[PDB]
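This report concerns only the one structure given below.
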Amino acid sequence: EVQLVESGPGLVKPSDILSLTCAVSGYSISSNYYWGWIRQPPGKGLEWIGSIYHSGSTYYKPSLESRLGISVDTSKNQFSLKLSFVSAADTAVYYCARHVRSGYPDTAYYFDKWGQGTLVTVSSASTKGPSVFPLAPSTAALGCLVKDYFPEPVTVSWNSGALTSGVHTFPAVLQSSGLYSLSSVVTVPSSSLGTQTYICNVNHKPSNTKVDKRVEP
Amino acid sequence: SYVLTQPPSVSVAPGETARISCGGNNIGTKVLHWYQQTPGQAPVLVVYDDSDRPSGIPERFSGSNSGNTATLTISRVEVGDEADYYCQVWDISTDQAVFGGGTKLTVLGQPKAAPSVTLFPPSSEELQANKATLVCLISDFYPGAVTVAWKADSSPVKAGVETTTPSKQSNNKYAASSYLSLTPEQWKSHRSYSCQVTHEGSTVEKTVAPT
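Here the protein sequences come in this chain order: H and L.
The first sequence lines up with residues 1 to 35, 35A, 36 to 82, 82A to 82C, 83 to 100, 100A to 100G, 101 to 127, 135 to 213 when you count with the entry's author numbering.
The second sequence lines up with residues 1 to 9, 11 to 95, 95A to 95B, 96 to 106, 106A, 107 to 209 when you count with the entry's author numbering.
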């Protein structure tokens, strides 16, 4: 019933400020709990960042305190993160989480409800939307190549979501150029190739790119 | 700052009991909490206050804490329990939360599975745009490592090759992909190109040719 959702830019230039907002649903921040942020750089462990109470009282990770601000807006049931002077070390998935005070005597907090997380990449490179190419079938495998985009992520659906079974969307490769590419492939009955239309729907939010590419035999 | 030490990896046979340690100076004096994280998803609280379970967490998950080491115990381990597990405390002396470095749980006994390889040639559209990419998609393999080699006719090619790390498919098998960037002239001047995927000593090769 309690849900948290992170939002904000997915790309920040080095030395600028990374800003995120967490919208809470199912519980009023004004009523209780601490509310805070945890991040995870790609392939690494969890790192706690900081938290805030509805009164405005905060706890900040000491190593980040000089660069950190956390704010709360009880009127909008949201709280926010600002991390200044960022570098590539700050590229990470950022989670917001409810911080529960333990009933034990000594002060203790644990994190019982988490948002899904949002990726922020720190880079000087410009946003670039993908070029989308059809991967024609010779059952049959067909797909779409989503080429040369930045930054992550990209979403792919098939037939506006009507086609889900047999879909395998692969994790992107990061090229030496600094751009990403990924592919999505679907396995379909060979029998259906003349009668069924197949379109991959590609969405790259950072560049506001929306591409529908029909894949023909 | 207070330090929590976890082993990077623990392996256990299915149905057996997995024990994941979390070491810290006098950790027994602090309450300890634990999280499970599946590749690609947010962590989930599985134990708090040393040994209590949130509603919905199976009774198979239990915790203990005394002296200089705490333990997450998972009884009757299932392949579905494969995940990274993190311990966590609140350090009162510095007002911050500390995590251990995480422990990856592996469940043994999973059968070897050879990769499925699908290789696509450059699209007409891409060739029209004066570029060419061969796409080698590799799926359903276990254990989770392959090596990929490309050939132009019979000549190994390394230039222009970009290959991903392996990723977990949630059916607990693994996937990866490899891309070969060519000029349209390179594509046209060979009879074929091959993507060769080696997995546990066995090579699966797929080949495409200009049509």
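Even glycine gets a Cβ: it sits at the ideal position worked out from N, Cα and C.
Task: Buried versus exposed call for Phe-98 (chain L) [16 or more other C-beta atoms within 10 Å across all chains shown] - done: Residue mapping note: residue 98 (chain L) aligns to position 99 of the second sequence, counting from 1. Buried, by the Cβ-count rule.
Open item on the list: For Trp-148 (chain L), would you say it is in contact with chain H, using Cβ-to-Cβ distances shorter than 8 Å as the test?
Closed with: Here residue 148 (chain L) refers to the residue found at position 150 when the second sequence is read from its first residue. It does not; no Cβ of chain H falls within 8 Å.
Task: Segment limits, alpha helix (DSSP H) that includes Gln-38 (chain L) - done: If you number the second sequence from 1, residue 38 (chain L) lands on position 37. First-last for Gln-38 (chain L): 34-38, but that is the beta strand (DSSP E), not the alpha helix (DSSP H).
- [ ] Using a cut-off of 9 Å between C-beta atoms, extract the partners of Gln-3 (chain H) located in chain L.
- [x] Your numbering for residue 3 (chain H) matches position 3 in the first sequence. Within chain L, no residue comes near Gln-3 (chain H); the closest Cβ sits about 11 Å away, beyond 9 Å.
Open item on the list: Once DSSP output is grouped into helix, strand and coil, what is the label at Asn-199 (chain H)?
Closed with: Position 203 of the first sequence, counted from the first residue, corresponds to residue 199 (chain H). Three-state DSSP puts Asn-199 (chain H) in a strand.
Task: Inter-stretch contact at 8 Å, needing at least 3 Cβ pairs: the stretch 35-52 of chain L / the stretch 66-75 of chain H - done: no
TODO: Could you spell out the range, first to last residue, of the alpha helix (DSSP H) harbouring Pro-182 (chain L)?
DONE: Mapped onto the second sequence, residue 182 (chain L) falls at position 184. 182-187 is the extent of the alpha helix (DSSP H) around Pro-182 (chain L).
- [ ] Determine the chain L residues that contact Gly-139 (chain H) at a beta-carbon separation under 9 Å, and present them in chain order.
- [x] Counting from one through the first sequence, the residue named residue 139 (chain H) turns up at place 143. In chain order: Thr-116, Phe-118, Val-133, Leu-135.
Task: Residue-chain proximity (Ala-114 (chain H), chain L), Cβ-Cβ < 8 Å - done: For the purposes of this step, residue 114 (chain H) is taken as the residue at position 125 of the first sequence. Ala-114 (chain H) does not count as touching chain L.
Open item on the list: Please tell me whether, using a cut-off of 7 Å, the distance from the CB of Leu-141 (chain H) to the nearest non-hydrogen atom of the ligand GDP is below it.
Closed with: Among the components of this structure there are no ligands whatsoever, and the ligand GDP is therefore not found.
Task: Per-residue contacts from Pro-55 (chain L) into chain H (C-beta, under 9 Å) - done: Within the second sequence, the letter at position 54 stands for residue 55 (chain L). Chain H residues near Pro-55 (chain L): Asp-101.
TODO: Would you tell me roughly how many angstroms separate the C-alpha atoms of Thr-163 (chain L) and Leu-20 (chain H), rounded to the nearest one?
DONE: On the second sequence, position 165 is the one that residue 163 (chain L) refers to. On the first sequence, position 20 is the one that residue 20 (chain H) refers to. Distance between the alpha carbons of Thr-163 (chain L) and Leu-20 (chain H) is about 29 Å.
Task: Helix, strand or coil at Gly-68 (chain H) according to DSSP, with G and I counted as helix - done: By one-based count along the first sequence, residue 68 (chain H) stands at place 69. Three-state result, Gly-68 (chain H): strand.
Open item on the list: Report the CB separation of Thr-135 (chain H) from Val-184 (chain H) in whole angstroms; it is logged as a contact under 8 Å.
Closed with: Taking the first residue of the first sequence as 1, we reach residue 135 (chain H) at position 139. Taking the first residue of the first sequence as 1, we reach residue 184 (chain H) at position 188. Confirmed, about 7 Å.
Task: Other residues of its chain near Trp-103 (chain H): CB distance less than 7 Å, five sequence neighbours each side excluded - done: Reading the first sequence from its first residue, position 114 is the one you call residue 103 (chain H). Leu-4, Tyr-91, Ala-93, listed in sequence order.
Task: Touch test, the stretch 128-148 of chain L against the stretch 164-180 of chain H, Cβ-Cβ under 8 Å, three pairs minimum - done: yes
TODO: Enumerate in chain order the residues of its own chain whose CB-to-CB distance from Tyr-177 (chain L) is below 8 Å, with the five nearest sequence positions on each side excluded.
DONE: Against the second sequence, residue 177 (chain L) aligns to sequence position 179. Here the set comprises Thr-131, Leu-132, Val-133, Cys-134, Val-159, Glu-160, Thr-161.
Task: Under the three-state DSSP convention, the category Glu-198 (chain L) falls into - done: Residue 198 (chain L) sits at position 200 when you count from the first residue of the second sequence. The answer is coil: DSSP assigns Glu-198 (chain L) none of H, G, I, E or B.
Task: Proximal residues to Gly-100 (chain L) (C-beta, below 6 Å), its chain only, five neighbours per side dropped - done: For this step, residue 100 (chain L) is matched to residue 101 along the second sequence. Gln-6.
Open item on the list: Could you check whether the Cβ of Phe-146 (chain H) sits closer than 8 Å to any Cβ belonging to chain L?
Closed with: Counted from its first residue, the first sequence places residue 146 (chain H) at position 150. Not an interface residue.
TODO: List the endpoints of the continuous beta strand (DSSP E) containing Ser-177 (chain H).
DONE: Along the first sequence, one-based indexing puts residue 177 (chain H) at 181. Note, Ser-177 (chain H): beta strand (DSSP E), 176-184.
- [ ] Could you spell out where the alpha helix (DSSP H) holding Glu-83 (chain L) opens and where it closes?
- [x] Taking the first residue of the second sequence as position 1, residue 83 (chain L) is located at position 82. Note, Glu-83 (chain L): premise wrong, no alpha helix (DSSP H); not H, not E.
- [ ] Would you mind giving the Cβ-Cβ distance between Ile-29 (chain H) and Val-71 (chain H), rounded to the nearest angstrom? I have them listed as a contact below 8 Å.
- [x] Along the first sequence, one-based indexing puts residue 29 (chain H) at 29. Along the first sequence, one-based indexing puts residue 71 (chain H) at 72. Going by Cβ atoms, the distance from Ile-29 (chain H) to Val-71 (chain H) rounds to 6 Å, so yes, they are a contact pair.
Open item on the list: Under DSSP, the beta strand (DSSP E) around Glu-124 (chain L) begins and ends at which residues?
Closed with: Within the second sequence, residue 124 (chain L) is the residue found at index 126, counting from 1. Here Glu-124 (chain L) belongs to no beta strand (DSSP E); instead the alpha helix (DSSP H) covers 122-126.
Open item on the list: For the pair the stretch 85-95 of chain L and the stretch 18-36 of chain L, tell me if three or more CB-CB distances fall below 8 Å.
Closed with: yes
Task: Rounded C-alpha distance that separates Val-202 (chain L) from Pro-154 (chain L) - done: Translated into positions along the second sequence, residue 202 (chain L) becomes position 204. Translated into positions along the second sequence, residue 154 (chain L) becomes position 156. Their Cα atoms are separated by approximately 16 Å.
Task: Within chain L, partners of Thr-100C (chain H) - CB distance below 7 Å - done: Translated into the one-based positions of the first sequence, residue 100C (chain H) becomes position 107. Residues of chain L passing the Cβ test: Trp-91, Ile-93.
TODO: Return no unless some Cβ of chain L is closer than 8 Å to the Cβ of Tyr-90 (chain H).
DONE: Here residue 90 (chain H) refers to the residue found at position 94 of the first sequence. Closer than 8 Å: no.
Open item on the list: Taking 8 Å as the threshold (beta carbon to beta carbon), is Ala-136 (chain H) in contact with chain L?
Closed with: Within the first sequence, numbered from 1, the residue matching residue 136 (chain H) stands at position 140. Judged by the 8 Å Cβ criterion, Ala-136 (chain H) is not in contact with chain L.
Task: is_contact[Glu-124 (chain L), chain H] using C-beta, thresh 8 Å - done: Walking along the second sequence from the start, residue 124 (chain L) turns up at place 126. Yes, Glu-124 (chain L) counts as interfacial toward chain H.
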